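Peer 1: For reference, the structure I am asking about is given below.
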Amino acid sequence: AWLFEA
Amino acid sequence: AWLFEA
Amino acid sequence: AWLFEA
Amino acid sequence: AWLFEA
Amino acid sequence: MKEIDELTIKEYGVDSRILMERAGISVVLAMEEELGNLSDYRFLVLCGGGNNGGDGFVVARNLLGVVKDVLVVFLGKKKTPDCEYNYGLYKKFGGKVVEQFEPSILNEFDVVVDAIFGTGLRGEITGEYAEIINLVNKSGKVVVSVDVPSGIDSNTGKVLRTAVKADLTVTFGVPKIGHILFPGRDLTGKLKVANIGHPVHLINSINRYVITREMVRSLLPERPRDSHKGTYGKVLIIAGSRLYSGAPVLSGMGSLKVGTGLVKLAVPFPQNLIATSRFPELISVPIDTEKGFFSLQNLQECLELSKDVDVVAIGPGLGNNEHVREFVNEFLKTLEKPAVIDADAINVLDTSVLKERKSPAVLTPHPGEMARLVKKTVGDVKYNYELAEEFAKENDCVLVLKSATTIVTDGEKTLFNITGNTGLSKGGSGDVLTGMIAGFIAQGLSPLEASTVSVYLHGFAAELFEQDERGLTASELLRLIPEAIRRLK
Amino acid sequence: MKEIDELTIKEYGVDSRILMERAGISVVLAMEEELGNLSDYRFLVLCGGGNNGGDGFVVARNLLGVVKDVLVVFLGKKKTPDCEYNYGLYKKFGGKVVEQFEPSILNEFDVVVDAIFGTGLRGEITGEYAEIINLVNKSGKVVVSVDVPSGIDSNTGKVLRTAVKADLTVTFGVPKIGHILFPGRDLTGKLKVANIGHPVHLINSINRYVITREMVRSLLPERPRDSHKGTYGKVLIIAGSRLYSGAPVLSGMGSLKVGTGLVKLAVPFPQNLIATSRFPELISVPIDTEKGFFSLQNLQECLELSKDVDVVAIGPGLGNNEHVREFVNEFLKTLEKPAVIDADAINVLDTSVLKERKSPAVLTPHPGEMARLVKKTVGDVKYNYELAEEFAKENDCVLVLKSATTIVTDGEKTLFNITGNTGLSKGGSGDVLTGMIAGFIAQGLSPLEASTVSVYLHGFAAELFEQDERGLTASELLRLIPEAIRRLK
Amino acid sequence: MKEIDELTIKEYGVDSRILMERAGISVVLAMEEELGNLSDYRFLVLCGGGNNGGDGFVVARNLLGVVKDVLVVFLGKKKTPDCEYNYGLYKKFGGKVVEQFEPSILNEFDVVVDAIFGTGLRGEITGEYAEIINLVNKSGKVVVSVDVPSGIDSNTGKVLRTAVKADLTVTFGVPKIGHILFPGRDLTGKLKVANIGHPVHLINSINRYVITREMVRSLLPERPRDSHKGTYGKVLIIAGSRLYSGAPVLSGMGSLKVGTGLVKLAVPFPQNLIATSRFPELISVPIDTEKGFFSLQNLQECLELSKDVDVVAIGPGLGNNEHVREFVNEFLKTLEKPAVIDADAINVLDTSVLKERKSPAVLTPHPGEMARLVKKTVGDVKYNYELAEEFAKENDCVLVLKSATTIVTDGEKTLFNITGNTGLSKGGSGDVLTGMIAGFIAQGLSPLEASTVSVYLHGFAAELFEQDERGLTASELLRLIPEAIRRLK
Ligand SMILES: [K+]
Ligand SMILES: [K+]
Ligand SMILES: [K+]
């Protein structure tokens with residue numbers, strides 16, 4: 001969750 | 001069954 | 001645990 | 001592998 | 001029950017301290033069953049001065065030395081003899097009590113035991129009792145209520161200004177009306193009924209019960225192998241109108257899906273053709289009408305159709321106008337068969353007619369229809385089991401008053417149904433139920449038995465819907481019925 | 001976003017070199033997540049002179065020594081300060097750059113990183129930039145685009161003569177309109193949104209969003225256990241004609257399948273009977289018409305039917321002739337209820353009427369209907385969110401402009417829906433959606449919320465079809481709706 | 001590494017702010033990998049004034065808005081430029097800092113990030129830094145240390161009065177000696193090594209490494225199919241005494257179990273017969289002695305037996321008396337074969353003899369034997385890699401200094417082994433290792449390679465024991481060796 005939103 | 005009815 | 005030690 | 005060696 | 005506590009003490013001889021102990025330790029075992037091993041938790045027990053608080057003191061003492069921490073906050077002004085005795089014991093076993101509540105005291109505990117008020121709640125909760133309950137409701141902690149969530153009136157299920165929202169409620173002997181009716185049923189969370197030593201004869205002498213799986217299993221009629229259509233009875237449904245062509249179909253399949261041998265619908269032409277295009281197993285007799293509604297000109301045809309059947313359901317989709325009113329009332333006055341009366345048949349009904357009938361009747365109103373039928377407000381009749389009881393008794397009928405909890409009474413015996421979900425909160429859902437009742441009477445159940453089995457299976461079919469309940473429709477419900485029946489056994 | 005880059009640098013104080021680094025390494029981690037271990041691959045990074053190319057230089061440097069081979073082809077004329085800095089680093093770490101592209105250079109590489117143009121694309125790609133992009137599109141290699149596939153206008157999703165077709169696109173902060181609208185959404189491939197250090201307050205200050213599962217979950221209305229039909233609201237659907245008897249049924253079940261308590265259809269006789277033969281849970285009121293279509297002679301009947309409901313949907317299958325036009329416009333002028341306006345109700349609508357209404361409205365046009373409604377070409381209105389915004393704002397409504405990506409706006413807030421598939425590209429599909437919207441307004445959602453939840457679940461129900469999407473029909477979609485709802489939670 | 005930070009900044013040109021950022025976000029990703037989704041946790045970040053605290057500020061800023069709560073407690077007197085810059089950013093992004101530590105502040109947080117001291121720790125932690133570290137060690141919270149647990153000297157792994165006990169440590173570029181040697185290795189908890197942008201050439205230019213699976217896999221000798229006994233070499237083990245009949249057997253099977261073709265033991269009669277009764281695959285030559293120990297009268301026999309072999313192991317169970325001392329020293333002086341020297345051969349060794357030998361040697365002392373060999377205290381030699389390095393370099397040998405972390409050096413190259421467990425802390429365990437080394441030299445590995453592969457597999461065989469490690473015996477270890485070897489590949 002911290003680095004990427006998919 | 002003896003102590004509780006759910 | 002509360003009622004019985006086995 | 002790129003960010004971490006464990 | 002207060003009467004049953006008294007008899008077990010005064011006539012049977014059980015010391016009241018012994019009933020109190022068994023109650024407390026019930027609460028401990030019930031929490032263990034729900035939370036698993038209790039030793040990692042910290043407990044905040046909130047105790048009033050009455051016997052509910054005494055039950056709490058017993059709980060608090062039996063956690064001493066077994067769990068991480070216990071603290072009793074005592075909120076009462078004075079203690080009853082058994083509460084005092086048990087407070088005396090908590091203190092002698094080394095328990096910490098305080099009589100001052102601080103908003104931040106919840107921060108140090110995992111579980112709150114709510115033993116403030118039980119069945120001895122009189123009037124509204126105000127003041128620091130309320131502030132304390134509001135604070136607990138805000139805390140996000142796990143709440144276990146002793147007997148009834150404090151602030152629920154245990155006779156009505158009403159909230160007396162404010163009430164505790166419990167995750168688990170442990171009550172004694174029998175469920176109380178306030179656990180069963182809303183809003184109290186919502187605030188009870190998961191309900192456990194503990195046997196605390198009352199003789200079984202008294203427990204069974206209670207006259208209002210919840211409808212259970214075992215009871216519906218024992219009432220389901222037999223399907224003897226050497227049987228034919230007629231073994232399982234015939235139903236006539238008088239229903240529909242040019243406005244409401246759908247109701248007849250849902251009612252008719254209600255009856256068939258519960259195992260009735262024959263269902264005949266009587267529906268104004270050409271709307272009668274709708275049913276057989278959905279379900280050609282039905283018989284759908286066209287009635288010739290002037291404007292698309294039943295009237296007195298269809299009276300004779302309908303009494304004739306009623307000669308060959310065992311039960312008649314009437315009302316769904318009939319419409320409510322003066323011609324329907326004449327027709328329904330003249331019809332029921334003359335029909336010498338059991339009648340199941342729903343929807344618009346209820347809205348135009350003359351109650352003098354129910355009195356003068358020899359044959360039995362079930363009425364299946366929702367609270368809107370009940371309000372209109374007795375000329376009261378919805379709020380006066382909703383969840384009012386005593387009113388329902390007088391109505392049944394005065395009108396020699398069974399009343400099925402529909403709601404999230406449904407009351408089924410004949411004036412002597414009152415049953416509560418708690419199966420179902422909000423997917424039954426849409427049109428067509430009541431129409432199925434009317435069929436199910438008519439069908440079960442047709443198979444030889446009495447009106448009360450028919451009604452009891454039907455409300456239970458109707459609710460249980462809803463719960464079996466595989467997707468989200470809000471998408472449930474009466475057609476899917478019809479499909480789930482035989483699964484509900486299979487799962488009974 | 002360019003505004004958000006600036007504020008994070010100029011006001012917050014984050015060095016632009018730090019934003020650039022975090023972006024590059026995001027691309028590396030995103031590729032690792034998609035390809036697994038990167039060490040067996042050979043990378044060809046294509047770098048422009050702007051900051052997108054700088055992001056590429058950062059990518060190229062962070063693969064040096066970790067992968068089989070890297071080569072940067074530099075395509076720019078000059079470098080920005082951060083691109084130059086990062087080019088300087090690639091070279092000092094030992095990286096090979098070249099400034100000449102040979103058609104056969106693709107033969108020696110497995111992955112192409114496309115860092116030619118990002119959000120700073122102005123005008124059409126011609127010349128060797130185009131030849132290079134065409135060559136990459138022909139190569140069958142795995143393509144990873146930095147920020148946006150070069151050649152997509154990041155504000156419109158339009159292709160500026162030619163554009164890169166990516167397997168993966170890694171963008172920064174928020175999705176850009178060009179990833180969300182077509183054709184750009186098709187060329188983006190799998191989209192990842194990397195957090196590269198922008199303060200969360202600014203990221204959230206963005207005013208156009210994609211509709212997500214979490215957002216629809218938080219808007220879904222509550223189903224309180226103590227509820228009845230009326231809790232979940234009533235809808236009237238004014239629809240159908242002797243030409244189009246099917247639309248009313250699909251709309252009506254749209255509403256019911258999303259959890260509405262009551263749906264009444266008003267459909268010209270005898271076509272009204274079609275609905276209840278499919279779904280007898282519906283109420284289908286026959287309207288007496290002269291030629292099979294609604295006209296002013298049905299105006300009073302319909303306002304009367306509208307008194308008892310919460311929302312009115314109008315349009316599906318009405319037909320488009322002068323009598324329908326008079327009727328719809330007089331009706332909406334007088335109806336003091338929320339209106340959901342679809343299909344033929346849109347085709348004959350006078351927009352002066354939307355202005356003069358106190359009550360709210362949702363319009364649900366496809367681009368054909370939008371074109372006719374504002375008197376423009378389909379190509380001018382398709383995927384034109386600013387036009388949709390002005391229309392909503394000027395007409396005080398919510399506009400739901402349907403397409404593979406649907407725009408839902410009220411003039412202030414604009415949402416994009418990306419659920420669905422091509423199975424929704426057939427008749428009846430819009431009719432379901434009109435129902436769903438009307439139903440959700442009936443349950444107490446505002447028009448914008450109702451519309452947002454509906455487009456999402458409508459699309460998500462399509463994706464749950466178990467066989468090939470092209471075989472999906474509106475009837476199957478109706479069945480999938482409650483599964484879509486269950487899977488939300 | 002401090003040297004590698006400098007070169008990457010000063011020569012390569014990477015801004016130090018960029019190294020600092022990459023470090024911080026490494027810590028965030030590493031915590032995410034260990035705790036799962038971080039959004040439910042509350043973080044307490046403890047920041048010194050140096051660059052370690054700057055790394056913490058970067059961590060704290062990147063949790064802002066993503067997690068439940070963040071709070072930085074700043075413990076320094078002044079800030080370095082990069083710490084100040086990053087403190088400046090935390091504050092501009094809305095972060096709460098305080099400069100006062102309260103014992104009870106731990107109560108409000110789930111995770112403590114320890115960014116007080118890194119590699120710039122000089123001297124002992126006293127005062128409030130210590131009180132703070134003690135308080136964190138008492139709290140039972142999850143601790144994540146940045147670079148090295150504060151209070152570990154990163155060059156020795158020593159505790160400077162007090163140190164943080166971490167669950168996870170995230171370090172940058174390469175593991176530091178203090179993560180690898182005890183007590184620091186114990187306080188590091190789970191170690192992750194993050195790549196933060198240093199050129200790979202510099203990372204690899206480091207000259208002390210941890211022994212890894214990949215390195216041992218690439219050194220394992222080939223087993224060509226067309227091979228015979230002699231392909232895989234011959235070993236002579238000179239060992240045992242009438243006091244210690246067991247050592248020869250464990251050594252000899254050490255050699256065989258690693259794939260040596262032939263092992264000959266030379267053991268005083270009748271103790272030689274012990275080995276072949278356990279393992280008849282061994283050759284166990286009876287040596288005639290006067291009193292049960294080797295002496296000079298066995299010198300010629302043993303040089304003769306050494307003619308046909310490739311390597312000689314000497315020492316296990318020899319006993320330590322003047323006659324053994326004469327014999328070992330005259331023997332090694334004359335033997336023109338690689339020698340592996342263990343146990344009692346080490347205790348009586350004259351180091352002048354190692355100097356005057358042309359042939360190579362491995363010595364395998366535990367710290368007790370090392371202390372005696374260089375005439376220092378155990379505490380002076382334990383985990384002292386520089387002393388081990390000088391000894392190897394001055395005596396032209398490989399030194400394998402055994403302990404929970406074993407140091408293997410030849411004076412130029414130093415390797416650390418971290419496989420094993422406490423089951424190797426009992427007699428016989430070293431005797432196996434001597435065999436394994438001799439066996440691998442016999443198969444053509446150099447002394448350093450032989451030693452590196454052996455310490456790793458010896459440790460890894462211990463970890464494969466299926467029951468509790470404390471019950472592991474040298475005999476079971478011998479059985480696990482070929483499993484260790486299989487699992488390498
Ligand atoms: K209570
Ligand atoms: K790009
Ligand atoms: K640290």
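Ordered as shown in the structure tokens, chains take letters A, B, and onward, while each chain numbers its residues from 1 and ligands are numbered from 1 in the order shown.
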Please list as a ChimeraX atom specification every residue within 7 Å of region 451-453 of chain G, counting only C-alpha atoms and excluding residues in the same chain fewer than 5 positions away.

Peer 2: /G:216,408,437

Peer 1: Next, the residues of the selection above should be written as a PDB file, in the first residue's frame with C-alpha atoms.

Peer 2:
```
ATOM      1  CA  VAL G 216      29.502 -21.748  -1.100  1.00  0.00           C
ATOM      2  CA  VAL G 408      38.057 -17.186   8.406  1.00  0.00           C
ATOM      3  CA  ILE G 437      38.252 -28.855   5.882  1.00  0.00           C
TER       4      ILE G 437
END
```

Peer 1: Select residues of chain B: the criterion is any atom within 6 Å of an atom of chain E, counting only C-alpha atoms; output as a list in words.

Peer 2: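 That gives residues 3, 4, 5 and 6 of chain B for chain B.
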
Peer 1: For ligand 1, collect every residue having any atom at a distance of at most 8 Å from a ligand atom (counting only C-alpha atoms and all ligand atoms); output as a list in words.

Peer 2: residues 52, 53, 114, 115, 116, 117, 118, 145, 146, 147, 148, 149, 150 and 151 of chain E

Peer 1: Write out as a ChimeraX atom specification the residues lying within 10 Å of residue 45 (chain E), counting only C-alpha atoms and excluding same-chain residues fewer than 6 positions away.

Peer 2: /E:53,56-57,59-60,70-74,97,109,111-116,143-145

Peer 1: Measure the distance from CA of residue 209 (chain G) to CA of residue 416 (chain G) in Å and round it to one decimal.

Peer 2: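 A separation of 6.2 Å between them.
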
Peer 1: Need the shell around region 6-14 of chain E: protein/DNA/RNA residues with any atom at most 9 Å away, counting only C-alpha atoms. Skip same-chain ones fewer than 6 positions apart. Format as number ranges by chain?

Peer 2: E: 197-199, 202

Peer 1: Just write the chosen residues, N, CA and C atoms, as a PDB file, in the first residue's frame.

Peer 2:
```
ATOM      1  N   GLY E 197     -30.491 -22.876  37.398  1.00  0.00           N
ATOM      2  CA  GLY E 197     -30.945 -23.813  38.406  1.00  0.00           C
ATOM      3  C   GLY E 197     -32.444 -23.811  38.625  1.00  0.00           C
ATOM      4  N   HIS E 198     -33.206 -23.025  37.834  1.00  0.00           N
ATOM      5  CA  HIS E 198     -34.692 -23.017  37.917  1.00  0.00           C
ATOM      6  C   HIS E 198     -35.343 -24.347  37.523  1.00  0.00           C
ATOM      7  N   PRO E 199     -36.296 -24.852  38.284  1.00  0.00           N
ATOM      8  CA  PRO E 199     -36.859 -26.142  37.853  1.00  0.00           C
ATOM      9  C   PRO E 199     -37.425 -26.109  36.445  1.00  0.00           C
ATOM     10  N   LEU E 202     -41.125 -24.896  35.715  1.00  0.00           N
ATOM     11  CA  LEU E 202     -41.378 -23.443  35.690  1.00  0.00           C
ATOM     12  C   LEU E 202     -40.873 -22.773  34.411  1.00  0.00           C
TER      13      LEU E 202
END
```

Peer 1: What does the structure give for the distance between CA of residue 326 (chain F) and CA of residue 294 (chain F), in Å to one decimal?

Peer 2: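 Going from CA of residue 326 (chain F) over to CA of residue 294 (chain F), I get 9.5 Å.
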
Peer 1: Quote the spacing between CA of residue 295 (chain F) and CA of residue 328 (chain F) in Å to one decimal place.

Peer 2: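 Distance reported for this atom pair: 8.1 Å.
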
Peer 1: Using DSSP assignments from the backbone, pull out every residue in region 95-126 of chain F that falls under strand (DSSP E) and give it to me as a ChimeraX atom specification.

Peer 2: /F:97-98,111-115

Peer 1: Emit the selected residues as a compact mmCIF listing (two decimals), in the first residue's frame, including N, CA and C atoms.

Peer 2:
```txt
# COMPACT_ATOMS: atom_id res chain seq x y z
N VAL F 97 25.40 5.57 -23.17
CA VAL F 97 24.40 6.36 -23.89
C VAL F 97 24.77 6.37 -25.35
N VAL F 98 23.75 6.46 -26.20
CA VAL F 98 23.97 6.76 -27.60
C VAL F 98 22.87 7.72 -28.00
N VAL F 111 13.50 -5.53 -22.60
CA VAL F 111 12.57 -4.55 -22.08
C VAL F 111 12.96 -3.17 -22.58
N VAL F 112 11.96 -2.43 -23.07
CA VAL F 112 12.09 -1.05 -23.44
C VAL F 112 11.38 -0.14 -22.42
N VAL F 113 12.15 0.76 -21.81
CA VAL F 113 11.60 1.76 -20.90
C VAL F 113 11.34 3.02 -21.71
N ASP F 114 10.11 3.52 -21.71
CA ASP F 114 9.75 4.64 -22.59
C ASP F 114 9.68 5.87 -21.75
N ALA F 115 10.75 6.68 -21.81
CA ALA F 115 10.84 7.92 -21.04
C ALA F 115 11.10 9.09 -22.00
```

Peer 1: As number ranges by chain, could you give me every residue of chain E near chain F (at most 8 Å apart, counting only C-alpha atoms)?

Peer 2: E: 182-183, 186, 242-247, 249-250, 271, 274-275, 277-278, 403-404, 421-423, 425-428, 467-475

Peer 1: Which residues are close to residue 67 (chain F), i.e. within 9 Å by only C-alpha atoms, leaving aside same-chain residues fewer than 4 positions away? Reply as a list in words.

Peer 2: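 Listed by chain and then number, they are residues 38, 39, 40, 41, 42, 43 and 63 of chain F.
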